[PDB]
Amino acid sequence: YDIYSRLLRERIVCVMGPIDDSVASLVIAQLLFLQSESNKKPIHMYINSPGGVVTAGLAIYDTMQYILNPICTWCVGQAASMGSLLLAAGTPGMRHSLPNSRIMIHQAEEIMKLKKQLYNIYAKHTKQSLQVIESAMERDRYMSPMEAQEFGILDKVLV
Amino acid sequence: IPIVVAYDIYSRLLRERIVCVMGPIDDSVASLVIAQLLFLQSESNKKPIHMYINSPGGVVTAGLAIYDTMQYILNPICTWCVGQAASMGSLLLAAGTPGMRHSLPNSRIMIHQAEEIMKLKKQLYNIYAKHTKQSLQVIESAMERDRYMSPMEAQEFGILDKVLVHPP
Amino acid sequence: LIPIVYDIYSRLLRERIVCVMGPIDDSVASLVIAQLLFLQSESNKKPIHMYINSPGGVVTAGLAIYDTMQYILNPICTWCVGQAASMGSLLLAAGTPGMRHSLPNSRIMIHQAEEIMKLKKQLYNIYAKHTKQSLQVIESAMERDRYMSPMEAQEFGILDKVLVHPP
Amino acid sequence: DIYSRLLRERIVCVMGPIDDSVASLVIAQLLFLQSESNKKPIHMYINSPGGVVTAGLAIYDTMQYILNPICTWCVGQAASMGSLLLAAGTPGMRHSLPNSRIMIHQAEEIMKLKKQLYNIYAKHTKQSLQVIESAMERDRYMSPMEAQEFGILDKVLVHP
Amino acid sequence: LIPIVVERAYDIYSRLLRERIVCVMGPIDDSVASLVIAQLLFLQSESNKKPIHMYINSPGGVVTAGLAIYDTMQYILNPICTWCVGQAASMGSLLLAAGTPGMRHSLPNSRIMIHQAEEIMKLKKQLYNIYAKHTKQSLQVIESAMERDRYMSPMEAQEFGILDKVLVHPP
Amino acid sequence: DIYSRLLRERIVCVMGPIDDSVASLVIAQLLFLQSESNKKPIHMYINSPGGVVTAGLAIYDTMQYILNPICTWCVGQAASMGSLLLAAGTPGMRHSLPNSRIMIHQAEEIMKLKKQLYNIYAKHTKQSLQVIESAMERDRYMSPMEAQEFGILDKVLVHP
Amino acid sequence: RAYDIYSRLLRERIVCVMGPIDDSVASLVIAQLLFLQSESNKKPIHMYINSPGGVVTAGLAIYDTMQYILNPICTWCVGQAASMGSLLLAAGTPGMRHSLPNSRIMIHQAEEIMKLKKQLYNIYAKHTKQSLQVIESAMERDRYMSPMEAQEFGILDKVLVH
């Protein structure tokens, strides 16, 4: 057992380092395998992502929403734009984050269309309207997890 | 890369009859996927295979190689789209057992891609028509247009069979 | 990389399925000939399947594979997958007459000091021995650089049968 | 692996520059060892020229999350985030061998980022904010004996 | 990568060593010389009389590495069975001729060539003498023929004395 | 593996540069061998052109904390930090082969670190600090016989 | 392939020193040498040399280990032995330094270079029985010596013409 494999036995899936197509392949593979291992038990996902490809991160967001396990997401260190989506996509009520975490939401025409999809999915999961998020995506700033608990991304900031 | 107990994670999923086609379609990916399928079809003549696509494109002859073997295998084939199925990916996506080319709601799909390339394009046209039922000039118009499509819109063109907003 | 427990190619090798995929170089020539001589060691009458997907290759490595294929008594079924270009077509042609197959969309193509023109006569000669067409016929085919469909490969004798679904 | 045989005896070797890759290994060993037991401590060997700021924080809050006592041994150089991790050891159990060197030194999020480091240093070293603010600004490696009066180490060890 | 056929599982090359087959394939190097020399020493320890088959496909290589292989080939008391496949050019031709007489072989379709710091001369003068010993040709025929740059058919090499049989089937 | 076969026999090979990477392994191997036996000798073989000072200092620190007698064998050259390791063998069992090549030669912070090097040589070579000053200034490798009179070695052996 | 047949060759006490002598090769060679002495203090060791020389301070580390050991060392030059590699060839036990019929041998390779040059001369002089004057003159010359020239020089004892 590699420690990553030992962790996977306890249904802990890491996402750390920039989300590329290869990390997505491993994360999707583990998730599908963890679903077939159990259609009931939770899965824990640890997010430390400085960034990610939009179509890669969208594939993981799809897979998480279209899987029947409860997904608990933990912010360790930083969840940049693509990671903040994946954090906010964990099952509502079970999105934890560590005290000194850093969250950032901010990121031709097809890119605007996909960016429009991101606006819509962020509005659903954080339960803000479209216009609130339209401004909050525009501001290129990190935020502390206490502000993110109020903004609606996190549920409980864990110390 | 994770291990599971000693199978690699992919080696475990291959037991669940799942073929991961990700990344560019190249000779190695085709060689590996063709070989995977030959094995899986030797384990059963009837059990549906699941092929999961996230691919930006690839070599035209490589995608045709997987397409050919997909036709020759007797098993049913679920073809799922996670992320994107561009260029040759859309042919592999279209090539599943008609009626069960499933997909995931936020995917993005793109059919768009001397005389060898021209004659070869007239082959892609015919095979898209057989799976998507469309007419040849319609395909040539759509293929000529370079813009992503949605899984709702993809199902209206016929490439996808069912978007799943969740497991049913 | 490769699905392992005893990767898939060792697993395919066990059923006498010998891949030649990617270009034919001396490195792959060394491996392919070794597999053949092993498979002849375990059983001599039984079939061997060779799957060819090659864009081309170094002429002297393919020739090494070619006369190795001739040397063994096994019937060698060749399967053309995506490409049999240049030497791949010659390796495809080397199968036991009747058993050189293609998938319905593969592209087959035979176009390629003093030794190179002498090497080409050998290529002329060896294509002719396997395709039964005349010598000037083969010199006319390879002078023009074009890919040709599997239906045409049947009439030229390179294939014997294109298989959409098994009989 | 001599490294994996040191994991059986509850030793985590944070050596080399701190990066997200080093962070993934380190936090994973820590979470595993807590699952093994909640009583026996974790021995942490720090030797790091430098570190990604958010990586070192990810170790620290993982450090402070676990119920284990964490024995922190500096060997060689514990610098920048390595000094946060060196301070991050449980109070009463921060060690060094006598030849080591230590350095605390290191867009509004950068300002808030540097600010949150001040608070954590103040919590564990118990020095006031102005003391730590000036000290981090001083680009100077400190000797362990200076670090010990500054409070970062409980014990400097000569021939234990 | 190499197909791992199971038996403990051997590489396909390790399987062929069991059958006493040494694959000298690719450009001859100091590393290939070490690999090939070690295999030959192990094979004599394996059997003091049973033959050793050497498959040669070498575009050439460093002469001082080729000679190191050839020297052990001469030293080893077992019969050696040198098969040309593909090509045996420059130093690979010397090993092709280094097998026991009447047992050096060539596939019907191989291409063979004997054409290749003043040691370059004294060593080249060495190569002529070893070619003279093994091909049974005189020194002058070798001197003039080695300067000709041209691959030779297996029939021409047969009549030169390098190889003893070109066949189509094992019989 | 051959190197781990030597570890079974209590041999630790500092072969090549003393870099952060190799210091981590040698420290780890040393801690292991202290646990295997609390009394049996530990043998060290040195062939080092040099390395980074802070990593060599981490090796020296551990060698001093390990209780056991450390036999330092010079095999090849011991340049810069390797000679400090060689001089840090427990007195009475610092050895070298006849044809070995030995070399002690090497901002404010480098000065401070280099002032540390002086004393650690001084207390092990039994030389006055001004003497270490002059003999650490000259860029010249010295024979094992010359090193014995300076104070680095104890025996220059030709056969055991 | 490379490193398990050599593990087999370690079994019958053959140490392959091939490729340029670098400290990694030198450190592995001495590690094998001490290990083989640890197996038996009296049995022979076979050394196979094909090296286009290498780094002098590590070749002296190899050379010093060879004079250290109790087991007799037999050096078999194959191919070419150059520079520092020729020092290993000379340093086998007198009476056990051999070569193939057509190997090639060469003895040619700050104050440290000058001092290193002097001590190499003593080693060659001790094991080859020449005068230091002969070694100076013979070490300047760049030429490779034939095996028969090397036997008469005294570097080697016997050539395996048989």
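Throughout, chain F uses Swiss-Prot numbering, with the displayed residues spanning 74-179, 195-248 in order.
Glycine is no exception: its Cβ is also placed from the backbone N, Cα and C atoms.
As annotated by Swiss-Prot, active site, nucleophile applies to F:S153. All chains included, 23 other C-beta atoms sit within 10 angstroms of the C-beta of F:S153 (active site, nucleophile).
For F:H178, the entry in Swiss-Prot reads active site. Secondary structure at F:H178 (active site), taken from DSSP and collapsed to helix, strand or coil, is coil. For F:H178 (active site), the number of other Cβ atoms no farther than 10 Å from its own Cβ, over all displayed protein chains, is 15.
Taken from Swiss-Prot, the feature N6-succinyllysine applies to F:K200. Close to F:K200 (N6-succinyllysine) in the fold, though at least 6 residues off in sequence, lies no residue with a CB less than 8 Å from its CB.
Taken from Swiss-Prot, the feature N6-acetyllysine applies to F:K211, supported by a large-scale study or a structure entry. Same-chain residues at least 6 positions away in sequence with a Cβ under 8 Å from that of F:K211 (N6-acetyllysine) are not found in this chain. Under the DSSP three-state reduction, F:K211 (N6-acetyllysine) is assigned to helix.
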Flanking Cα pair F:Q179 / F:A195, between which 15 residues have no modelled coordinates, distance in Å: 15
Alpha-carbon distance [F:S153 (active site, nucleophile); F:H178 (active site)] in Å: 6
Intermolecular Cβ proximity, recorded positions F:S153, F:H178, F:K200, F:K211 versus chain D, under 8 Å: F:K200
Three-state secondary structure, F:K200 (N6-succinyllysine) (per DSSP): helix
DSSP-derived structure type at F:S153 (active site, nucleophile), helix or strand or else coil: coil
